[PDB]
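Written below as structure tokens is the structure these notes are about.
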Amino acid sequence: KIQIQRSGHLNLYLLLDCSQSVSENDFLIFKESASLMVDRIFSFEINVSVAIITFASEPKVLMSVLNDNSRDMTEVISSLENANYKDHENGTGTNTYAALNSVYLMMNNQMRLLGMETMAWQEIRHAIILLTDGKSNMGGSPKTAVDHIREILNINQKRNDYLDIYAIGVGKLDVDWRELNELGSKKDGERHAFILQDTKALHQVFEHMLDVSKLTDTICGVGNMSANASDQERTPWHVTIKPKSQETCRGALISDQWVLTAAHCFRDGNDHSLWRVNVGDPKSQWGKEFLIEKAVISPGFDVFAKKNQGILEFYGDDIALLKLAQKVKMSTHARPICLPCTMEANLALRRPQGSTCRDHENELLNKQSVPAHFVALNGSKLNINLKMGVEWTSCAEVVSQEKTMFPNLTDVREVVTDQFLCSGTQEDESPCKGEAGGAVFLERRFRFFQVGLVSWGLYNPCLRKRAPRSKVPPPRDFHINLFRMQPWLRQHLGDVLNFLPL
Amino acid sequence: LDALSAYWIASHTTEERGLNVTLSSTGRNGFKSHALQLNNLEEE
Ligand SMILES: *[C@@H]1O[C@H](CO)[C@@H](O)[C@H](O)[C@H]1NC(C)=O
Ligand SMILES: *[C@@H]1O[C@H](CO)[C@@H](O)[C@H](O)[C@H]1NC(C)=O
Ligand SMILES: *[C@@H]1O[C@H](CO)[C@@H](O)[C@H](O)[C@H]1NC(C)=O
């Protein structure tokens with residue numbers, strides 16, 4: 001399997017079959033799969049050099065790892081889309097041996113450039129992926145070239161991890177299963193030959209094609225993109241907080257020792273020594289229990305602040321801060337989620353250095369209805385839509401229909417200020433009190449960003465079991481906006497995260 | 001009495017008895033080294 005790690009350098013050599021037996025639309029499917037393939041690797045931000053070659057009767061090196069642009073995402077994707085199905089018009093046969101030999105000539109030139117005994121050639125682990133039907137018919141048996149590339153890298157039991165070869169047929173192709181087995185020789189129990197119909201099945205199999213356990217540099221937003229994986233792996237930042245009140249609230253990891261939650265979940269007081277927080281751990285599904293060094297509550301938070309106006313509960317500044325007893329051991333089940341308007345989020349967004357907080361908010365909240373997610377009690381991921389601007393007023397107009405929490409309400413903005421987001425419209429799920437304090441996060445560039453936290457809502461479905469209703473008041477949820485709380489978050493997290501300028 | 005005391009401490013005294021060795025070679029794959037403490041058994 002491909003070892004995703006910080007140590008060493010990765011080469012991916014993607015070979016594209018352009019034979020006439022493969023139709024033009026199938027080649028387009030290959031290019032789409034290749035696009036997702038190259039996007040996934042570069043999301044881990046490791047040293048990877050990518051070269052693409054197309055072959056029908058002769059190999060065409062559209063990109064070489066010897067060029068420094070092989071480490072650049074934009075140049076690689078541009079060259080990927082530069083590929084044309086008619087580039088092999090003169091020769092329409094199937095010549096896999098020529099492609100493998102081109103890979104060999106490449107490797108020989110690279111080791112000449114860097115050095116035989118130099119570590120720049122030693123550290124590198126090489127992976128080659130074939131997207132072809134496998135029905136080779138001339139040029140010679142590719143297995144001899146497969147053996148040929150082995151001695152140039154000295155492949156034996158002690159260097160098994162340095163070479164990875166895969167032959168997968170994707171699309172509406174008459175795939176020869178026997179041919180893919182020899183090229184994609186099995187190592188240990190891991191398969192190297194697969195037959196798949198579409199790019200999505202290849203997405204899943206390629207999620208199982210990566211060993212991301214090797215590195216621990218633990219950038220945010222690296223969840224898991226497989227339905228096969230556990231819920232905690234999908235949202236590693238999701239943590240569990242139980243105060244003395246015996247109620248369960250949720251939280252999100254943002255660093256190795258910092259936890260974000262809602263202020264309303266600590267009603268007994270500020271005795272943070274009595275609270276316990278559970279974080280996901282690979283060793284057990286119950287997680288690992290930690291103590292809290294210190295707690296910071298929002299000083300502007302007060303549930304009965306507006307009781308003089310008939311407002312029983314006001315969720316203004318419903319945000320709480322916690323310092324864990326010890327640093328959290330980063331793993332697949334325990335990874336932070338980066339706040340916007342931060343340099344870490346800027347790298348996660350692959351954005352230029354000169355970014356501002358308003359620009360990050362624009363990039364995230366770029367649509368009238370922005371889909372979002374929150375974690376339920378069972379760890380499941382649900383989908384909600386964020387409404388801003390003109391529709392933001394529309395989502396909040398339904399609070400005046402309430403009969404219990406606000407017996408005396410006349411002004412809508414007095415309870416739902418600019419700090420509250422919009423969710424619960426149409427078929428959107430409504431988080432309940434047990435899930436309060438959880439992360440409202442967005443997916444972009446295979447990265448997760450927490451834009452808000454669950455504070456309160458107009459409906460309580462939990463009152464594993466969920467059930468909606470169609471009676472006034474309609475379901476509606478409000479999340480504390482993290483973009484509106486930047487000053488205080490920078491006051492307490494300035495030494496933890498390098499916040500970008502406002 | 002001082003003589004017997006000094007002689008007896010000289011007779012009964014124990015050292016570390018360490019036999020640390022290092023193995024190194026230049027394989028085609030690079031250079032490697034190892035260390036084997038033997039202060040107190042046998043190691044492989
Ligand atoms: C890649 O290697 C370079 C040295 O060429 C180093 O600066 C960098 O931190 C490494 N890791 C990456 C890009 O993840
Ligand atoms: C995930 O689980 C499903 C259901 O068992 C199974 O069909 C599938 O092969 C698994 N793996 C992938 C990569 O989808
Ligand atoms: C994601 O799940 C895949 C399943 O193949 C596994 O290989 C990988 O290590 C997991 N990664 C994380 C970060 O959970």
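How things are named: the first chain in the structure tokens is A, the next is B, and so on; residues count from 1 in each chain; ligands count from 1 in the order shown.
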Taking only region 377-463 of chain A into account, list the residues labelled strand (DSSP E) by DSSP (computed from the backbone), as an MDAnalysis selection string.
chainID A and resid 381:387 439:444 447:457
Output the contact residues of chain B with respect to chain A at a cut-off of 10 Å, based on only C-alpha atoms, as a compact mmCIF listing (two decimals) with C-alpha atoms, in the first residue's frame.
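Dumped everything to selection.txt:
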```txt
# COMPACT_ATOMS: atom_id res chain seq x y z
CA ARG B 28 24.69 -1.33 -1.47
CA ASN B 29 21.56 0.07 0.23
CA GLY B 30 23.54 2.38 2.53
CA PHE B 31 25.43 2.37 5.82
```
What residues have any atom no more than 6 Å from ligand 1 when counting only C-alpha atoms and all ligand atoms, and can you list them as a list in words?
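Those residues are residues 45, 46 and 47 of chain A.
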Collect all residues with atoms no farther than 9 Å from ligand 3, counting only C-alpha atoms and all ligand atoms, and output them as a PyMOL selection string.
chain A and resi 204-214+222-230+232-236+331-335
Export, as a compact mmCIF listing (two decimals), in the first residue's frame, the selected residues with N, CA, C and O atoms.
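As a result, out_36.txt now contains:
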```txt
# COMPACT_ATOMS: atom_id res chain seq x y z
N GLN A 204 -13.42 5.14 -3.64
CA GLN A 204 -13.44 4.34 -2.42
C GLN A 204 -12.22 3.41 -2.34
O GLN A 204 -11.52 3.36 -1.32
N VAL A 205 -11.95 2.70 -3.43
CA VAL A 205 -10.83 1.75 -3.43
C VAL A 205 -9.52 2.48 -3.22
O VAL A 205 -8.60 1.97 -2.56
N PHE A 206 -9.40 3.70 -3.76
CA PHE A 206 -8.19 4.48 -3.58
C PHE A 206 -8.10 5.05 -2.17
O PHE A 206 -7.00 5.31 -1.68
N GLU A 207 -9.24 5.27 -1.51
CA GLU A 207 -9.21 5.56 -0.08
C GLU A 207 -8.62 4.38 0.69
O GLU A 207 -7.88 4.58 1.66
N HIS A 208 -8.94 3.16 0.27
CA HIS A 208 -8.23 2.00 0.81
C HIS A 208 -6.85 1.79 0.20
O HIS A 208 -6.16 0.85 0.60
N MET A 209 -6.44 2.63 -0.74
CA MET A 209 -5.12 2.53 -1.36
C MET A 209 -4.05 3.33 -0.63
O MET A 209 -2.90 3.35 -1.08
N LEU A 210 -4.38 3.99 0.48
CA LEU A 210 -3.47 4.90 1.15
C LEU A 210 -3.25 4.47 2.60
O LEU A 210 -4.20 4.09 3.29
N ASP A 211 -2.00 4.53 3.04
CA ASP A 211 -1.62 4.26 4.43
C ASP A 211 -1.23 5.60 5.04
O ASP A 211 -0.06 6.01 5.01
N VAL A 212 -2.21 6.29 5.62
CA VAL A 212 -2.01 7.64 6.13
C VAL A 212 -1.64 7.59 7.61
O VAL A 212 -1.48 8.63 8.26
N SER A 213 -1.50 6.38 8.15
CA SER A 213 -1.14 6.22 9.55
C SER A 213 0.33 6.52 9.81
O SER A 213 0.72 6.70 10.97
N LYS A 214 1.16 6.57 8.76
CA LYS A 214 2.59 6.75 8.95
C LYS A 214 2.93 8.15 9.45
O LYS A 214 3.78 8.31 10.34
N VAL A 222 -8.61 16.46 8.08
CA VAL A 222 -8.35 15.16 7.45
C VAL A 222 -9.24 14.16 8.18
O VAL A 222 -8.82 13.46 9.10
N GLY A 223 -10.50 14.08 7.75
CA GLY A 223 -11.42 13.07 8.23
C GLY A 223 -11.17 11.76 7.51
O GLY A 223 -10.03 11.43 7.17
N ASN A 224 -12.24 11.01 7.27
CA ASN A 224 -12.13 9.85 6.40
C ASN A 224 -13.25 9.89 5.38
O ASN A 224 -14.41 10.16 5.73
N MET A 225 -12.91 9.62 4.12
CA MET A 225 -13.84 9.73 3.00
C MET A 225 -14.39 8.37 2.59
O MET A 225 -14.67 8.15 1.40
N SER A 226 -14.55 7.45 3.53
CA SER A 226 -15.05 6.11 3.26
C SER A 226 -16.22 5.81 4.18
O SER A 226 -16.10 5.98 5.40
N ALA A 227 -17.34 5.37 3.61
CA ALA A 227 -18.45 4.89 4.42
C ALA A 227 -18.08 3.64 5.20
O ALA A 227 -18.77 3.29 6.16
N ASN A 228 -17.00 2.96 4.80
CA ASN A 228 -16.56 1.76 5.49
C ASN A 228 -16.02 2.09 6.88
O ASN A 228 -16.16 1.30 7.81
N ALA A 229 -15.41 3.27 7.03
CA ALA A 229 -14.75 3.65 8.26
C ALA A 229 -15.75 4.02 9.35
O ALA A 229 -16.94 4.25 9.10
N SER A 230 -15.25 4.06 10.59
CA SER A 230 -16.06 4.42 11.74
C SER A 230 -16.40 5.91 11.72
O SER A 230 -15.75 6.72 11.06
N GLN A 232 -16.12 8.08 14.18
CA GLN A 232 -15.09 8.89 14.81
C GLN A 232 -13.96 9.20 13.84
O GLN A 232 -13.42 10.31 13.84
N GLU A 233 -13.59 8.23 12.99
CA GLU A 233 -12.58 8.49 11.98
C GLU A 233 -13.06 9.53 10.97
O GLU A 233 -12.27 10.34 10.48
N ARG A 234 -14.36 9.51 10.64
CA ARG A 234 -14.90 10.48 9.69
C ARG A 234 -14.84 11.90 10.25
O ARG A 234 -14.58 12.85 9.50
N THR A 235 -15.07 12.06 11.55
CA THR A 235 -14.99 13.36 12.22
C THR A 235 -14.07 13.23 13.42
O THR A 235 -14.53 13.13 14.57
N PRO A 236 -12.75 13.21 13.20
CA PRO A 236 -11.82 13.02 14.32
C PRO A 236 -11.85 14.13 15.36
O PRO A 236 -11.43 13.91 16.50
N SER A 331 -4.07 11.09 16.08
CA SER A 331 -4.26 9.81 15.41
C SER A 331 -5.38 9.98 14.39
O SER A 331 -5.84 11.10 14.13
N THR A 332 -5.81 8.87 13.80
CA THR A 332 -6.92 8.92 12.85
C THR A 332 -8.21 9.33 13.54
O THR A 332 -9.03 10.05 12.96
N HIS A 333 -8.42 8.88 14.78
CA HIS A 333 -9.62 9.19 15.53
C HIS A 333 -9.53 10.51 16.30
O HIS A 333 -10.54 10.95 16.87
N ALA A 334 -8.36 11.14 16.34
CA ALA A 334 -8.15 12.36 17.12
C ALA A 334 -7.34 13.34 16.28
O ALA A 334 -6.11 13.27 16.25
N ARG A 335 -8.04 14.25 15.60
CA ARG A 335 -7.44 15.27 14.76
C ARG A 335 -8.20 16.57 14.96
O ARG A 335 -9.44 16.55 15.01
```
Applying 12 Å and only C-alpha atoms, which residues near residue 389 (chain A) remain after dropping the ones on its own chain fewer than 6 positions away? List them as a PyMOL selection string.
chain A and resi 365-370+395-396+418+421-422
Please write the residues from the selection above to a file, keeping N, CA and C atoms, as a PDB file, in the first residue's frame.
```pdb
ATOM      1  N   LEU A 365     -18.627  31.188   3.260  1.00  0.00           N
ATOM      2  CA  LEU A 365     -20.026  31.573   3.070  1.00  0.00           C
ATOM      3  C   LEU A 365     -20.159  32.345   1.756  1.00  0.00           C
ATOM      4  N   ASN A 366     -19.967  31.611   0.661  1.00  0.00           N
ATOM      5  CA  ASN A 366     -19.979  32.179  -0.680  1.00  0.00           C
ATOM      6  C   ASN A 366     -21.319  32.033  -1.388  1.00  0.00           C
ATOM      7  N   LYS A 367     -22.318  31.433  -0.745  1.00  0.00           N
ATOM      8  CA  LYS A 367     -23.602  31.177  -1.380  1.00  0.00           C
ATOM      9  C   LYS A 367     -24.731  31.550  -0.428  1.00  0.00           C
ATOM     10  N   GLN A 368     -25.901  31.823  -1.011  1.00  0.00           N
ATOM     11  CA  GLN A 368     -27.089  32.095  -0.209  1.00  0.00           C
ATOM     12  C   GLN A 368     -27.450  30.905   0.671  1.00  0.00           C
ATOM     13  N   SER A 369     -27.406  29.698   0.114  1.00  0.00           N
ATOM     14  CA  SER A 369     -27.681  28.470   0.856  1.00  0.00           C
ATOM     15  C   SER A 369     -26.426  27.607   0.799  1.00  0.00           C
ATOM     16  N   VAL A 370     -25.658  27.605   1.881  1.00  0.00           N
ATOM     17  CA  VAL A 370     -24.401  26.868   1.961  1.00  0.00           C
ATOM     18  C   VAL A 370     -24.647  25.598   2.768  1.00  0.00           C
ATOM     19  N   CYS A 395     -35.153  33.141   8.081  1.00  0.00           N
ATOM     20  CA  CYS A 395     -35.101  31.985   8.973  1.00  0.00           C
ATOM     21  C   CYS A 395     -35.459  32.381  10.400  1.00  0.00           C
ATOM     22  N   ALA A 396     -35.114  33.606  10.802  1.00  0.00           N
ATOM     23  CA  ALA A 396     -35.306  34.066  12.172  1.00  0.00           C
ATOM     24  C   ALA A 396     -36.684  34.662  12.428  1.00  0.00           C
ATOM     25  N   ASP A 418     -26.543  38.946  15.084  1.00  0.00           N
ATOM     26  CA  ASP A 418     -25.645  38.572  13.999  1.00  0.00           C
ATOM     27  C   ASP A 418     -24.788  37.358  14.334  1.00  0.00           C
ATOM     28  N   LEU A 421     -26.512  31.697  13.172  1.00  0.00           N
ATOM     29  CA  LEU A 421     -26.657  31.262  11.791  1.00  0.00           C
ATOM     30  C   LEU A 421     -28.068  30.717  11.572  1.00  0.00           C
ATOM     31  N   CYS A 422     -28.333  30.203  10.372  1.00  0.00           N
ATOM     32  CA  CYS A 422     -29.660  29.746   9.983  1.00  0.00           C
ATOM     33  C   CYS A 422     -29.575  28.275   9.607  1.00  0.00           C
TER      34      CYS A 422
END
```
Report, in Å to a single decimal, how far apart CA of residue 142 (chain A) and CA of residue 103 (chain A) are.
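Atom-to-atom, CA of residue 103 (chain A) and CA of residue 142 (chain A) are spaced 12.0 Å apart.
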Considering only alpha helix (DSSP H) as DSSP defines it on the backbone, what residues of chain B qualify? List them as a list in words.
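DSSP-assigned alpha helix (DSSP H) residues in chain B: residues 2, 3, 4, 5, 6, 7, 8, 9, 10 and 11 of chain B.
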Neighbouring residues of residue 304 (chain A) were defined as those with any atom within 12 Å, considering only C-alpha atoms; residues of the same chain fewer than 5 positions away were excluded. Please report them as a JSON list (two decimals) with C-alpha atoms, in the first residue's frame.
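Result went into result-v8.json, see below:
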```
[["chain", "number", "residue", "atom", "x", "y", "z"],
["A", 264, "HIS", "CA", -24.82, 27.05, 28.17],
["A", 267, "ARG", "CA", -24.90, 25.59, 34.20],
["A", 309, "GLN", "CA", -37.97, 41.93, 28.91],
["A", 310, "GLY", "CA", -39.74, 38.57, 29.17],
["A", 311, "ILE", "CA", -36.81, 36.71, 27.59],
["A", 312, "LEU", "CA", -36.37, 33.54, 29.64],
["A", 313, "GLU", "CA", -33.23, 32.28, 27.85],
["A", 314, "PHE", "CA", -30.83, 34.42, 25.80],
["A", 315, "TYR", "CA", -28.05, 32.53, 24.01],
["A", 316, "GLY", "CA", -25.84, 35.52, 23.26],
["A", 405, "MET", "CA", -39.40, 30.30, 25.87],
["A", 406, "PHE", "CA", -40.55, 33.82, 24.90],
["A", 415, "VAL", "CA", -32.72, 37.28, 20.55]]
```
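Minimum distance to ligand 2 across A:202, A:348, A:447, A:66 (counting only C-alpha atoms and all ligand atoms) occurs at A:202.
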Contacts of residue 458 (chain A) at 9 Å (only C-alpha atoms; same-chain gap of 2+ positions) as a VMD selection string
chain A and resid 398 to 399 402 424 430 456 460 473 to 478
Produce a file of the selected residues containing N, CA and C atoms, as a compact mmCIF listing (two decimals), in the first residue's frame.
```
# COMPACT_ATOMS: atom_id res chain seq x y z
N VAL A 398 -39.43 33.14 12.37
CA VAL A 398 -40.31 32.14 12.97
C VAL A 398 -40.18 32.05 14.48
N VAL A 399 -39.22 32.74 15.09
CA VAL A 399 -39.09 32.70 16.54
C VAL A 399 -40.24 33.42 17.23
N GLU A 402 -43.13 31.32 18.79
CA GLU A 402 -42.91 30.49 19.97
C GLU A 402 -43.89 30.84 21.08
N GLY A 424 -32.27 24.38 9.69
CA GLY A 424 -33.52 23.72 10.01
C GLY A 424 -34.61 23.87 8.97
N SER A 430 -32.51 18.84 12.84
CA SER A 430 -32.43 19.75 13.98
C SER A 430 -31.62 19.10 15.10
N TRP A 456 -28.69 26.45 20.17
CA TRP A 456 -30.08 26.19 20.53
C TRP A 456 -30.90 26.03 19.25
N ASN A 460 -36.89 19.99 19.41
CA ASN A 460 -36.05 19.04 20.13
C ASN A 460 -36.41 17.63 19.67
N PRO A 473 -44.39 25.96 16.33
CA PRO A 473 -43.40 26.58 15.43
C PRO A 473 -42.67 25.57 14.55
N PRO A 474 -42.30 25.98 13.33
CA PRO A 474 -41.55 25.08 12.46
C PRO A 474 -40.15 24.84 13.00
N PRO A 475 -39.53 23.71 12.68
CA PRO A 475 -38.17 23.46 13.16
C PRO A 475 -37.19 24.50 12.61
N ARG A 476 -36.27 24.93 13.48
CA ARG A 476 -35.30 25.95 13.12
C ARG A 476 -34.19 25.94 14.15
N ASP A 477 -32.95 25.99 13.69
CA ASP A 477 -31.78 25.92 14.56
C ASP A 477 -30.91 27.15 14.37
N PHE A 478 -30.19 27.52 15.42
CA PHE A 478 -29.32 28.68 15.41
C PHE A 478 -27.96 28.29 15.99
```
Which neighbours of residue 43 (chain B) fall inside 12 Å, counting only C-alpha atoms, when residues of the same chain fewer than 6 positions from it are skipped, and could you give them as a ChimeraX atom specification?
/B:19-21,35-37
Please measure the separation of CA of residue 166 (chain A) and CA of residue 33 (chain A), giving the value in Å to one decimal.
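Interatomic distance, CA of residue 166 (chain A) to CA of residue 33 (chain A): 14.2 Å.
Ranking A:200, A:25, A:32, A:90 by their shortest atom-to-atom distance to ligand 2, with only C-alpha atoms and all ligand atoms included, puts A:200 first.
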